[PDB]
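Pasting in a structure now, in structure tokens, and then I'll have a few things to ask.
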Amino acid sequence: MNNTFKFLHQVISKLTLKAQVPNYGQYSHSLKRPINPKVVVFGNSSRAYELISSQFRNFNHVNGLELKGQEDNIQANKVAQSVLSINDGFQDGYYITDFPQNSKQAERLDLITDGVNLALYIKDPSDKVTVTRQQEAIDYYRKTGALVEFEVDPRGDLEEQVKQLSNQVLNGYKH
Amino acid sequence: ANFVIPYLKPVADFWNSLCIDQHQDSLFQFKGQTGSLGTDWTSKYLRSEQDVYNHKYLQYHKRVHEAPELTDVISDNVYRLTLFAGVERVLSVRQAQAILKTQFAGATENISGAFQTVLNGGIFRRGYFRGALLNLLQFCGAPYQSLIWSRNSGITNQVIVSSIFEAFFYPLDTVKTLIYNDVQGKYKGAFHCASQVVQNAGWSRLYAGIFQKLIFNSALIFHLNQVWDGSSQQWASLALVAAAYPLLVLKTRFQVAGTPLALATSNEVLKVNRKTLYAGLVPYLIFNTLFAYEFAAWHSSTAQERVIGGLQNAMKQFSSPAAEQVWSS
Amino acid sequence: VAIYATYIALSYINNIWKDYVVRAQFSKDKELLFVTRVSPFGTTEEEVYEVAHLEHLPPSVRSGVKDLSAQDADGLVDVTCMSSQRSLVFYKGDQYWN
Amino acid sequence: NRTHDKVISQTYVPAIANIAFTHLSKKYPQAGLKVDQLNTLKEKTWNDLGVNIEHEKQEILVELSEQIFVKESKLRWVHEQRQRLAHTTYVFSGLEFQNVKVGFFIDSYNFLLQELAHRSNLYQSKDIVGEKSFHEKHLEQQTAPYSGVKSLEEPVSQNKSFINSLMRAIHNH
Amino acid sequence: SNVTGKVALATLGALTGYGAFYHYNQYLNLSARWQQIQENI
Amino acid sequence: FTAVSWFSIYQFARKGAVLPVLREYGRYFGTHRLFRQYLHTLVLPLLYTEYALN
Amino acid sequence: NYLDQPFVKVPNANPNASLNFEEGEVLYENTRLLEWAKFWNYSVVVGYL
Amino acid sequence: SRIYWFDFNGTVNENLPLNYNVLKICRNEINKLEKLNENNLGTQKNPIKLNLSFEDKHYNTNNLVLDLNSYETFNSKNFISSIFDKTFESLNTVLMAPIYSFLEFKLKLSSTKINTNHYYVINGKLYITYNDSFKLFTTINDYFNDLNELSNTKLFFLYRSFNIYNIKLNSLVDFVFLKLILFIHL
Amino acid sequence: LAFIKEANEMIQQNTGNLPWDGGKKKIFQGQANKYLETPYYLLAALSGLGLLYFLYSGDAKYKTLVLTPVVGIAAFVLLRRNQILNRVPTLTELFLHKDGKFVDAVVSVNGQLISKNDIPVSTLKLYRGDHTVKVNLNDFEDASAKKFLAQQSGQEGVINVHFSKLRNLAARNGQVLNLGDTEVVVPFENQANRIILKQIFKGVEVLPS
Amino acid sequence: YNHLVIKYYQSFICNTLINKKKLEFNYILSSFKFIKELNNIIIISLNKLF
Amino acid sequence: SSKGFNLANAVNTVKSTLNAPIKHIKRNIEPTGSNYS
């Protein structure tokens, strides 16, 4: 706020922040991942599926396309129940596909689940159904600031794209 | 001279007292004679040279043939209580780590993990020294009261007296164990921890693990006497306490069970995985071996002979190596 | 001797640590670079540089290229500010780069 | 008169002013509070504008928390807004902005928003992966399993010997 | 804080009770020794 | 030396690294390489000590 | 007197009005250097003392 | 018992890895197909038919009645009279602790890890036994990476589950500085 | 497994997705703030006694004569501030009936639990901003207090005070909710069912079950 | 003045909640007389002095 | 009962510790653009 007091304020804030989250400076990298990562993935290309499978080996798939037709409240509630639990395998990460299809479903899911930790959009030029189906959801996640865009070239290097995607999602995760 | 030295003199004086022989310095501060030979500096130094061993014998004799003193006992065990107080906590955390949540909080199920968990809170009340005062109070309790009522007594009587006092002061031990394993600051203090236990569970909740603490205490006392005596069978007794060590581990888990600090209850504690019964056995033995309790009041006749014999051997150094053997003295 | 020995030690320790960069942030228009550096007591100290001035210069001796820390994948990159005659050292590791 | 100090990010300042002026316009339609006049309004005090910001201070905070979305925070939007609302109300409960300029109120709110975002990120860049600390590497190294000796596990008649069985148990436990 | 008061009061009573027993036993022993000293003198 | 060597052999064996010294399996009793490395480490320094002292 | 150069003006003490000092985005960040600097500086001081 | 084939009447999307619940169901059914004998079910021409609903594939379990931050209640079990049994059982456990370790060591001597098999091929894809379900296996390095990530998640769960709203000190610092600046403005 | 069960329960509580606990469903979970008051009272008493002893003896220093009143005043001010903060009605838990038209609540006042029932949802109202509190000076039986309040307020016997001046020590850590005729403080740090909570605060009644 | 209003406001809420119908004036006027007198005499003394 | 000390891990850490200052030593002794003729 003030140039002269910025240094003193920053020092005091860093010391006090340790009380809320002890040893935050030593475990900062670990804290980037949330306790129950909930991911919403946009993209239906073959390359996108490969990246999803590689990046989400330890996550559980949630197919939201089966819920089409039901009302938004029921669809949101069913998704929330799916992604608000941990299996006996101790896999607390869930990534959803083909959902939400509209802002109403997106907002409803966020309220029930306190928001989605990540909303990953893989823009593949060889995909022409993701934009036509889930444009409203993408705009909502862009508004709320939870949207991460990772353009993929089909003729790119699979290893490099995976590494870049892993870094971006790790940075894009939210608690 | 008026604003720094007056406040700095005590620090220097305290520094010198630790690093200098107080008795020898006191002798040299008095100069002259009143009519008796041997008050000169040369004679005083010769006396002060042997006074180191004489004072050790007198201090040892006092701890055996005179009523025990709390300050003297604490001084003998100063390291175990003053500097390495946090070692007791990490040992307690390691013992109870089987049914704790530490493994999910950036820690491993090993002595290194227990050390890190304790040290993650710093060194002060929430860190290394958390529960240090309770450890001091507990030492001032049954371990000291037992010495008062069992001075110069046999092993059996010492075990009986110690068992009675440990039962009497046991609730303090349970509170200390809960504080040690309270890694999230759930309890604000000893009274707060005791109040929560009594409010939620009955008063009997504070006496969990008493009968397995008493048996382990009896084994420890037997081992302590053996090492004090210095007999060859001390190693056999060391194995005995190691075999009895899981009794202590069960005691810690029972104390730490039935509370938010633990993932298990009293019923589940008994049927815990048997591969972790000897949790921290080697750290416990090492710590006890290096810092075994120096209860001179309970030393038997053989131990007293050993200490006096050691002092006497050192006292023999004050003869001239090249003294001539003369026909007439 | 005590006064100047302490002064020389502290002042030169600061100079050694001065080159290394703790933090580097662009401006909104990417016209300036704000650099946080080590202070004499190990705290943060702020400085400002212009991106145009910043430049990575080759060694004066052409046989010393192989001896640069930049040869290693986890080495150090020496970027020189041509206006202030200062040096900025960056770890080559991608972990430290946006 | 102008130092070489990085200025606080001004990304959300227009949004904060727009929300604050709109709410104040609902109660003072003739106050002439507009976003286009931020450069000139910030130099005037609330007394000059005839606006009692103290009464509307809480409503402004609630509306700002619910309307503004910050993507630089490490917390989800619902948690970020709740934390921002709690943080701002506590700080502004003991601050009287009536006698000072509008800019101080806007700058103060912007400063709190940025500090909360930095604290959410643990005072580190959100776009930089960073390097693991010593504890993280140590825990990861310890967490790694032990492969053991595969030759002893190989199915062979020689591996049935007591000595070989003893070695396999000792090294592959 | 009724539970805390009871716990604190119970602890004080137990420690005080032990103190009385210790002093009473010490009083008896000192009285016997003092009588023996007087007879010896 | 025997204690250090035994400790080193066990620790690396646990991680899956075995020094390529001695035949992998015995010619007659089929004893594994690790067992003979321990035996050689225990006996050889003792024989050298006796030889050196004499 | 020395600042009053005959042919060339000395630079202005204040930054040019064109420059904008609004923070952008972080390029490089190695925060652990501060901890390393504190460790080395204190260690040498203790050793020097 | 390694190769098996499952057929889903459009109820399972195979374009993405199968869920943990789906794999658990597959393992639960193979264990019956093996122990209970087999009618030659599971081949490509005679696969296993499954109709999985949304609830089965997604819902984890039930019986979520655990009470957080609770203490076991005493004085109702007559601890004074019942402590004897616990002490006796504890003594038995301590006495048997060396014996169990010796027995376990003997079992290690007479047992080998390769004795048991944990690999199953489903729909032309290799899987390995995981807790109570299957886990996709593609490479040894990938499997070790997955184990490392699982260990990391278990290890840092509590640290990541920190209190967001425990900002009392931070708010106090901000208030003090702004109030001081406010005085300067005044 | 034990940790997974606890972790799942923690997640459910944080999201406020509890099931129907019999006749009523818990849709709110908050806690009050506790402050230290006895230490300040003891410190103030010690300063007061110490100041009296120094005056009686006359062997004190100028330094301590300056410091002791400041410490005593600081302790006294903190004691008053903490006492006011502790005695703030704070909403701890709130339950909703099956019909969705009635609400039961339990409130904490200086650590004392008070249960209120039969609260129609139509009467609930969350004050987004700073409301106004009416104070009746005629109720006061002290002439000096009544005169002082009237002089400061500058109004009639019934005086309306804006909550902005009171939020510093009244509702600084929460908002204000109207539970029918009474008003309670709703802390920000709470676990609640947001969908139901918002509607009931707005006054709308949720559907049955 | 603010403290008295808050104390009165808190007391009014509690008495309505518990149905006591009596305000706890002993708590509302905890030290009002002492504080008012102390300030008044101090101000009077300062006015006389300066 | 997780395993603790492992000599192979310790040796790797020792190698990393000894190799850590190599980059800084190289940078300090390396040439620069300036040619102070």
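We just call them A, B, C, D, E, F, G, H, I, J and K in the order they show up, numbering each chain from 1.
Operating definition for what follows: a residue touches a chain if its C-beta (ideal position, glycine included) is under 8 Å from a C-beta of that chain, and two chains touch if they have at least 3 such contacts.
In UniProt terms, the chains line up like this: B = Carrier protein.
Student: What chains do chain J and chain K have as common neighbours?
Tutor: none
Student: Find me the chain with the mean Cα position closest to the mean of all the protein Cα atoms on display.
Tutor: Centre-most chain by C-alpha means: D.
Student: Based on the averaged CA atom positions, which chain is farthest from chain A?
Tutor: Using the mean of the C-alpha atoms as each chain's centre, the farthest one from chain A is E.
Student: Where are there more C-beta contacts: H-I or C-K?
Tutor: Looking at contacts between chains, C-K has the larger number.
Student: Provide the C-alpha centroid distance between chain G and chain K, rounded to the nearest whole angstrom.
Tutor: That pair's centroid distance is 28 Å.
Student: From the C-alpha centre of chain B to that of chain D, how far is it in Å?
Tutor: 48
Student: So what's the Cα centroid distance for chain E and chain K, whole Å?
Tutor: 67
Student: What whole-number Å value describes the gap between the mean CA coordinates of chain D and chain H?
Tutor: 32
Student: Can you list the chain C residues in contact with two or more other chains?
Tutor: Residues 25, 27-28, 34, 43-44, 48, 96-98 of chain C touch two or more partner chains.
Student: When you check chain B against every other chain, which residues touch at least two of them?
Tutor: Only 101, 104, 106, 108, 112, 275 qualify.
Student: Quick check on chain I: which residues sit in contact with 2+ other chains?
Tutor: Only 3, 6-8, 12, 168, 188-189, 194 qualify.
Student: Hey, which residues of chain D end up touching chain A in the complex?
Tutor: Going through chain D, the ones touching chain A are 3, 5, 8, 69-79, 107-108, 111, 115, 119-120, 122-124, 126-136.
Student: Using the touch rule from the top, collect the residues of chain B that touch chain E in their complex.
Tutor: 145, 148, 168, 191-192, 194-195, 198-199
Student: Would you tell me which residues of chain D are touching chain H in their complex?
Tutor: 75, 79, 82-83, 86-87, 90-91, 94-96, 99-101, 104, 108, 111-112, 115, 119, 139-140, 143-145, 153, 155, 162, 165-166, 168-169, 172-173
Student: If you look only at chain B, which of its residues touch chain K in the complex?
Tutor: So the residues of chain B touching chain K come out as 108-113, 275-276, 279.
Student: For the complex, which residues does chain H have touching chain D?
Tutor: 105, 108-110, 112-114, 144, 147-148, 151-152, 155, 164-165, 167, 170-171, 174-175, 178-179, 182, 185-186
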